[PDB]
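S.K.: Have a look at this one.
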Amino acid sequence: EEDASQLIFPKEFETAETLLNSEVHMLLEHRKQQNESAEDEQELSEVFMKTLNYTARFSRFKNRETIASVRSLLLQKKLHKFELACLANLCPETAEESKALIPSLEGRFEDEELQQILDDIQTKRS
Amino acid sequence: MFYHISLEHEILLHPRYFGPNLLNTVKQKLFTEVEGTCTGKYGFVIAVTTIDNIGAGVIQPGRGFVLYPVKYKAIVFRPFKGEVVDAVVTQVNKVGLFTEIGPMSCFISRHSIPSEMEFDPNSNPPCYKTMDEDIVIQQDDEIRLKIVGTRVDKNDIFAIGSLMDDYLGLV
Amino acid sequence: XXXXXXXXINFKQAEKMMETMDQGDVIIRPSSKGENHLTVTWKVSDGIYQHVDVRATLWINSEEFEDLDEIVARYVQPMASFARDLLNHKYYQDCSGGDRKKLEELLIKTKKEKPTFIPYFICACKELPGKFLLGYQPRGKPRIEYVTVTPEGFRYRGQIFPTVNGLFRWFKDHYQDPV
Amino acid sequence: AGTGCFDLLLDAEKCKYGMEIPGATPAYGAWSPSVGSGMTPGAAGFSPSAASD
Amino acid sequence: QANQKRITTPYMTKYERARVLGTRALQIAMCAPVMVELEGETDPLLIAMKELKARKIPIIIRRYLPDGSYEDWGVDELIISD
Amino acid sequence: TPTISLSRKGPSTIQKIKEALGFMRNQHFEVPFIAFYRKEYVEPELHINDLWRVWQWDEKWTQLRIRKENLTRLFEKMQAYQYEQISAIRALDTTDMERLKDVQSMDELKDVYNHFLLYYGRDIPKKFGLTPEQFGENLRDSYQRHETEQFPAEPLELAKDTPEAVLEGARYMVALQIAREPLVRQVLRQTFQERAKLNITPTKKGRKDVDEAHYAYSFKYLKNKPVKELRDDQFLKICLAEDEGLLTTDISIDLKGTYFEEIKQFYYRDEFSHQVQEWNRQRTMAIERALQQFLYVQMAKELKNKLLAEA
């Protein structure tokens with residue numbers, strides 16, 4: 001029953017606030033800054049290093065405030081909460097590509113407005 | 001797909017750790033318990049962000065151990081059927097292509113790969129290429145993919161993703 | 001000027017080593033109370049040694065165990081300075097290591113020698129290092145109260161005084177009170 | 001039924017105090033120096049203040 | 001219930017006095033830190049009785065009222081009978 | 001770098017390889033048959049292992065010829081595409097002829113082919129200084145003969161040609177063009193592949209995880225391990241590589257500090273009036289950025305690949 005296209009998410013898993021790859025990069029980097037200081041603490045896991053390097057490579061924009069600006073800008077326009085992080089993480093360049101990668105957006109908004117949002121995302125790229 | 005959720009866990013404490021500093025030890029026990037853990041239901045738990053609450057610990061009858069119910073903010077990573085995610089290639093094979101998405105490793109077959117992307121095992125890095133050889137997918141390459149299926153093994157998640165759908169290719 | 005010794009011996013030999021040292025000298029040793037915890041012994045006076053349990057209790061976090069010299073210079077050395085401020089006072093007396101009975105006998109004797117002048121004396125407590133007996137006899141009865149040495153000064157009747165002159169001035173204004 | 005009519009919980013704030021022993025060394029500054037109560041109405045014959053410098 | 005609304009007794013019952021001592025001396029047997037400078041005794045039950053007389057046991061007691069609610073009483077907060 | 005068959009002469013080695021190729025891939029013969037019975041065309045029993053080396057070279061040359069013919073067919077398809085694009089500062093279709101002409105540097109030709117394919121921009125329907133080709137003929141000769149484009153404009157004039165007010169949006173294009181110059185690879189290659197004095201030292205935690213069991217901790221205050229030691233005594237390449245599998249190792253030759261400062265004088269303007277001082281300063285910053293994409297990435301990776309192949 002769980003399909004990304006039809007927006008069925010588990011009821012336990014429903015109310016989650018999704019995050020960005022750059023946002024996760026700031027969070028994991030802050031946790032790594034906590035761990036590198038304050039010693040006699042266990043060494044970070046393999047998964048920590050893998051995910052840290054992975055989100056480092058796929059970080060769209062480095063700037064901390066740009067996370068808040070993109071999330072607030074996309075959030076002000078009415079959209080379901082699952083889509084926002086996936087849109088900014090994938091960063092499509094044509095609204096056709098946006099509708100292809102995210103099928104729920106197809107029919108949700110008109111071509112020009114979606115392309116305006118995508119061009120704003122392209123503008124805030126670092 | 002990254003999330004920021006609250007979870008509840010209960011850690012049994014030996015009485016030796018009552019010390020002068022019980023709550024501090026509760027924090028490291030919670031961390032070492034649930035940092036790097038994986039479950040099929042919630043996805044991979046990447047890291048622990050904050051600890052929301054430490055409940056009143058309950059002294060077990062006839063046992064020394066005390067269990068503290070804990071609410072904590074932690075960042076989980078879960079794949080869905082039908083999501084589309086950027087991936088990093090680790091290995092090329094005549095059997096298929098091995099891509100790691102953060103913690104998870106997912107494998108993309110030849111048959112769900114479109115027919116243009118023929119093999120080149122004779123290429124000096126092993127590779128997938130068109131007959132035009134325009135799109136060149138090898139190890140360390142960044143490629144788009146779509147997560148079709150999830151598999152949880154020894155409580156650890158592995159996935160499978162198809163590159164067949166349109167716009168899914170090398171970044 | 002205030003030496004520090006780091007033990008990598010037990011309590012009794014630690015006190016016997018402190019017998020040869022000067023006031024304010026520091027022996028940092030592992031604590032018998034708990035593993036990975038420390039005891040900081042420092043000389044308040046002659047034969048009167050304060051054994052600070054670093055968890056006389058001093059709370060530090062895990063990082064501050066790595067710089068013991070900063071902990072000593074921050075906490076032990078001002079307590080040694082205020083201890084010297086009380087040792088160098090003009091009415092300091094030993095009275096057998098802060099024995100209350102000896103202090104009461106000294107107060108009664110000096111009050112009987114000169115009635116219209118009132119003696120007051122301060123003594124280092126051997127059974128309470130860091131604490132001092134302040135004895136004074138207003139009337140036909142001697143009285144004794146406590147002065148506690150802290151890294152921020154003298155605690156007397158709950159109040160913190162950063163100077164020995166401020167301590168004895170607030171005393172010598174409130175050593176009269178009808179009580 | 002009594003010893004079972006209720007439930008026990010661990011008081012972590014009270015766990016701050018107390019220590020393990022394998023000690024025999026007492027904790028000097030941590031005692032409580034209670035002051036003696038003076039109960040008289042008497043007069044003064046005492047000795048003046050001096051400047052703090 | 002809140003600390004204002006404590007309607008139960010301020011006295012520790014015989015059953016609480018038994019079970020607190022049992023579950024404390026069991027902890028002391030499992031190398032929990034003693035809350036009292038002991039006088040050389042090694043029996044953990046005597047150590048627990050000493051901590052109970054000393055009013056230093058780090059346990060609180062949840063008294064379930066019959067409606068469903070409860071009250072959390074510190075061992076330090078109530079009167080030991082013996 | 002180790003010159004094999006110094007014995008068999010150069011022209012005689014070319015003739016022996018020609019006869020070995022004629023008897024192997026023209027008569028369907030093997031190495032020992034052509035060695036024992038065609039011993040006069042080959043060298044006179046000086047070696048019977050250089051024939052197997054020639055056979056592996058013939059297999060690698062067949063593979064390289066197949067890859068070159070495939071890339072040539074793709075270059076002809078892209079040439080027809082570019083003719084259609086120009087019939088209706090863009091891509092030009094001339095690199096594939098050069099890639100067909102030169103066949104020895106196959107990895108260099110592939111790295112240049114990738115940059116040429118990213119020049120076209122992966123389209124399949126059916127002003128910024130001096131050109132990097134001129135820079136490839138400037139740093140190759142070790143002396144500048146041209147300048148970054150002479151205009152009185154500044155970076156403010158390049159912040160209005162976009163919709164961000166950025167004065168560095170051409171820096172990404174300049175770093176792409178410097179990372180996509182094929183002559184820079186030939187210039188900065190065979191100058192870093194002809195010297196390697198490795199500074200041998202482990203990490204702070206690596207000084208307790210070797211214990212006289214690897215070559216990382218066999219030298220910890222002595223460096224400059226030459227290429228004769230990195231190639232002939234190639235176990236240091238292995239033991240540090242398992243050190244790479246292990247906790248950590250330090251990899252650095254310490255020979256660039258001058259190796260790149262003399263190239264910084266190349267593409268260095270002689271106009272201090274601020275009219276061309278912007279092309280001096282932004283071009284120096286673009287060359288530093290392109291040497292953070294090339295010296296940091298290509299040099300260490302190519303040195304480690306060469307040392308692993310030799311190991």
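In the structure tokens, chains take letters A, B, ... by order of appearance, with residues numbered from 1 within each chain and ligands from 1 in the order shown.
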Give me the residues within 8 Å of residue 8 (chain D) as an MDAnalysis selection string, counting only C-alpha atoms and dropping any in the same chain fewer than 6 places off.

M.R.: (chainID B and resid 58:60) or (chainID E and resid 20 59:62)

S.K.: From a DSSP pass on the backbone, collect the residues of region 8-61 of chain E flagged as helix (DSSP H, G or I) and hand them back as a count of residues only.

M.R.: 27

S.K.: Residues at most 12 Å from residue 7 (chain E), counting only C-alpha atoms, excluding those fewer than 2 positions away in the same chain, as a PyMOL selection string?

M.R.: chain E and resi 1-5+9-11+63-65+69-73

S.K.: Generate a file of the selected residues that holds N, CA and C atoms, formatted as a PDB file, in the first residue's frame.

M.R.:
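Heads up, here's the output in out-v5.pdb:
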ATOM      1  N   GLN E   1      -0.303  12.609  40.832  1.00  0.00           N
ATOM      2  CA  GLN E   1      -0.845  13.829  41.420  1.00  0.00           C
ATOM      3  C   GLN E   1       0.250  14.828  41.770  1.00  0.00           C
ATOM      4  N   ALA E   2      -0.141  16.094  41.888  1.00  0.00           N
ATOM      5  CA  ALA E   2       0.795  17.159  42.203  1.00  0.00           C
ATOM      6  C   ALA E   2       1.216  17.097  43.669  1.00  0.00           C
ATOM      7  N   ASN E   3       2.327  17.782  43.966  1.00  0.00           N
ATOM      8  CA  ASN E   3       2.847  17.867  45.329  1.00  0.00           C
ATOM      9  C   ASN E   3       1.900  18.582  46.287  1.00  0.00           C
ATOM     10  N   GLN E   4       1.004  19.425  45.770  1.00  0.00           N
ATOM     11  CA  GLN E   4      -0.049  19.998  46.601  1.00  0.00           C
ATOM     12  C   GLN E   4      -1.042  18.926  47.035  1.00  0.00           C
ATOM     13  N   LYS E   5      -1.399  18.027  46.121  1.00  0.00           N
ATOM     14  CA  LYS E   5      -2.423  17.018  46.375  1.00  0.00           C
ATOM     15  C   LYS E   5      -1.745  15.692  46.704  1.00  0.00           C
ATOM     16  N   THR E   9      -0.960   8.824  53.470  1.00  0.00           N
ATOM     17  CA  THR E   9      -0.344   9.012  54.766  1.00  0.00           C
ATOM     18  C   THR E   9       1.091   9.501  54.613  1.00  0.00           C
ATOM     19  N   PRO E  10       1.562  10.331  55.542  1.00  0.00           N
ATOM     20  CA  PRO E  10       2.987  10.654  55.602  1.00  0.00           C
ATOM     21  C   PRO E  10       3.836   9.598  56.289  1.00  0.00           C
ATOM     22  N   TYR E  11       3.272   8.444  56.618  1.00  0.00           N
ATOM     23  CA  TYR E  11       3.994   7.383  57.298  1.00  0.00           C
ATOM     24  C   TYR E  11       4.289   6.253  56.328  1.00  0.00           C
ATOM     25  N   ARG E  63       2.567   5.251  44.873  1.00  0.00           N
ATOM     26  CA  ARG E  63       1.377   4.721  45.517  1.00  0.00           C
ATOM     27  C   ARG E  63       0.215   4.907  44.558  1.00  0.00           C
ATOM     28  N   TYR E  64      -0.308   3.804  44.037  1.00  0.00           N
ATOM     29  CA  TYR E  64      -1.437   3.858  43.117  1.00  0.00           C
ATOM     30  C   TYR E  64      -2.721   4.021  43.910  1.00  0.00           C
ATOM     31  N   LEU E  65      -3.386   5.152  43.731  1.00  0.00           N
ATOM     32  CA  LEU E  65      -4.720   5.325  44.261  1.00  0.00           C
ATOM     33  C   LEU E  65      -5.687   4.458  43.452  1.00  0.00           C
ATOM     34  N   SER E  69      -4.990   7.055  39.502  1.00  0.00           N
ATOM     35  CA  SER E  69      -3.907   8.008  39.688  1.00  0.00           C
ATOM     36  C   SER E  69      -2.901   7.464  40.699  1.00  0.00           C
ATOM     37  N   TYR E  70      -1.881   8.257  40.999  1.00  0.00           N
ATOM     38  CA  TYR E  70      -0.814   7.803  41.877  1.00  0.00           C
ATOM     39  C   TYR E  70      -0.184   9.010  42.553  1.00  0.00           C
ATOM     40  N   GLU E  71       0.671   8.725  43.525  1.00  0.00           N
ATOM     41  CA  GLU E  71       1.468   9.732  44.204  1.00  0.00           C
ATOM     42  C   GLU E  71       2.895   9.228  44.306  1.00  0.00           C
ATOM     43  N   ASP E  72       3.854  10.116  44.110  1.00  0.00           N
ATOM     44  CA  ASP E  72       5.260   9.754  44.194  1.00  0.00           C
ATOM     45  C   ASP E  72       5.832  10.356  45.467  1.00  0.00           C
ATOM     46  N   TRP E  73       6.150   9.495  46.422  1.00  0.00           N
ATOM     47  CA  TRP E  73       6.671   9.886  47.722  1.00  0.00           C
ATOM     48  C   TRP E  73       8.143   9.529  47.801  1.00  0.00           C
TER      49      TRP E  73
END

S.K.: At a cut-off of 9 Å, can you tabulate as CSV every residue of chain D near chain B together with its closest atom pair and the distance in Å to one decimal, using only C-alpha atoms and ordering rows by chain then number?

M.R.:
residue,atom,partner,partner_atom,distance
D:4,CA,B:61,CA,8.8
D:7,CA,B:59,CA,7.8
D:8,CA,B:59,CA,5.4
D:9,CA,B:58,CA,4.6
D:10,CA,B:57,CA,5.6
D:11,CA,B:57,CA,8.1
D:12,CA,B:22,CA,6.4
D:13,CA,B:22,CA,8.6
D:14,CA,B:20,CA,8.9
D:15,CA,B:20,CA,5.8
D:16,CA,B:20,CA,4.1
D:17,CA,B:20,CA,6.0
D:18,CA,B:20,CA,6.9
D:19,CA,B:19,CA,6.7
D:20,CA,B:19,CA,7.6

S.K.: Write out as a PyMOL selection string the residues lying within 12 Å of residue 83 (chain A), counting only C-alpha atoms and excluding same-chain residues fewer than 4 positions away.

M.R.: (chain A and resi 4-7+17-20+71+74-75+77-79+87-91+98-99+101-105+108) or (chain B and resi 1-2+83-84)

S.K.: For those residues, write C-alpha atoms to a file as a PDB file, in the first residue's frame.

M.R.:
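Wrote it out as again-v6.pdb, contents follow:
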ATOM      1  CA  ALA A   4       5.567   7.451  -3.120  1.00  0.00           C
ATOM      2  CA  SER A   5       3.342   8.399  -6.065  1.00  0.00           C
ATOM      3  CA  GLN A   6       0.051   7.957  -4.206  1.00  0.00           C
ATOM      4  CA  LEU A   7       1.349   9.518  -0.936  1.00  0.00           C
ATOM      5  CA  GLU A  17       9.553  16.634   9.415  1.00  0.00           C
ATOM      6  CA  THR A  18      11.771  15.811   6.461  1.00  0.00           C
ATOM      7  CA  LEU A  19      15.299  17.123   6.071  1.00  0.00           C
ATOM      8  CA  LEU A  20      17.675  18.167   3.299  1.00  0.00           C
ATOM      9  CA  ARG A  71      12.485  25.591   2.958  1.00  0.00           C
ATOM     10  CA  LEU A  74       8.857  26.246  -1.002  1.00  0.00           C
ATOM     11  CA  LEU A  75       6.790  25.816   2.182  1.00  0.00           C
ATOM     12  CA  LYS A  77       3.394  27.635  -1.540  1.00  0.00           C
ATOM     13  CA  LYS A  78       0.945  24.886  -0.618  1.00  0.00           C
ATOM     14  CA  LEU A  79       2.577  21.480  -1.048  1.00  0.00           C
ATOM     15  CA  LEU A  87      12.566  18.578  -4.705  1.00  0.00           C
ATOM     16  CA  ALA A  88      15.468  20.552  -3.260  1.00  0.00           C
ATOM     17  CA  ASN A  89      17.686  17.438  -3.046  1.00  0.00           C
ATOM     18  CA  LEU A  90      17.072  16.242  -6.616  1.00  0.00           C
ATOM     19  CA  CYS A  91      17.030  19.848  -7.991  1.00  0.00           C
ATOM     20  CA  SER A  98      10.135  17.557 -12.077  1.00  0.00           C
ATOM     21  CA  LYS A  99       6.851  15.836 -12.980  1.00  0.00           C
ATOM     22  CA  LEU A 101      10.930  12.419 -11.031  1.00  0.00           C
ATOM     23  CA  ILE A 102       8.046  13.357  -8.716  1.00  0.00           C
ATOM     24  CA  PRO A 103       4.795  12.012 -10.243  1.00  0.00           C
ATOM     25  CA  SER A 104       2.547  13.588  -7.590  1.00  0.00           C
ATOM     26  CA  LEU A 105       3.461  17.068  -8.863  1.00  0.00           C
ATOM     27  CA  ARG A 108      -0.828  19.588  -8.989  1.00  0.00           C
TER      28      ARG A 108
ATOM     29  CA  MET B   1      14.755  10.001   2.632  1.00  0.00           C
ATOM     30  CA  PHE B   2      15.805  11.992   5.681  1.00  0.00           C
ATOM     31  CA  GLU B  83      11.302   7.465  -4.419  1.00  0.00           C
ATOM     32  CA  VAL B  84      14.015   8.942  -6.660  1.00  0.00           C
TER      33      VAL B  84
END

S.K.: When you draw a straight line from CA of residue 24 (chain C) to CA of residue 7 (chain C), how long is it in Å?

M.R.: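 Taking CA of residue 24 (chain C) and CA of residue 7 (chain C), their separation equals 16.9 Å.
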
S.K.: Taking 4 positions as the minimum chain separation for residues in the same chain, which residues sit within 12 Å of residue 79 (chain E) when counting only C-alpha atoms? Answer as a ChimeraX atom specification.

M.R.: /E:9-14,16-17,52-55,73-75

S.K.: Using only C-alpha atoms, I'd like every residue of chain E that has an atom within 10 Å of chain B; please write them out as a PyMOL selection string.

M.R.: chain E and resi 19+22-35+58-62

S.K.: Would you please give, as an NGL selection string, all residues of chain B that DSSP assigns to strand (DSSP E) based on the backbone?

M.R.: :B and (3-13 or 38-39 or 43-54 or 58-59 or 66-77 or 83-92 or 96-101 or 104-109 or 118-120 or 127-129 or 136-138 or 142-153 or 156-162)

S.K.: Considering only C-alpha atoms, return as a ChimeraX atom specification whatever protein or nucleic-acid residues lie within 8 Å of residue 47 (chain B), sequence-local ones (same chain, fewer than 2 positions apart) excluded.

M.R.: /A:28,48 /B:34-36,45,49,74-76

S.K.: Within 10 Å of residue 76 (chain F), counting only C-alpha atoms, which residues qualify if same-chain residues fewer than 6 places away don't, as a ChimeraX atom specification?

M.R.: /F:70,82,93-94,96-97

S.K.: Within 12 Å of chain F, which residues of chain B show up when using only C-alpha atoms, listed as number ranges by chain?

M.R.: B: 120-125, 129-137, 169-171

S.K.: Please, which residues of chain C lie no more than 12 Å from chain A when the count uses only C-alpha atoms, and can they be set out as a PyMOL selection string?

M.R.: chain C and resi 36+61-66
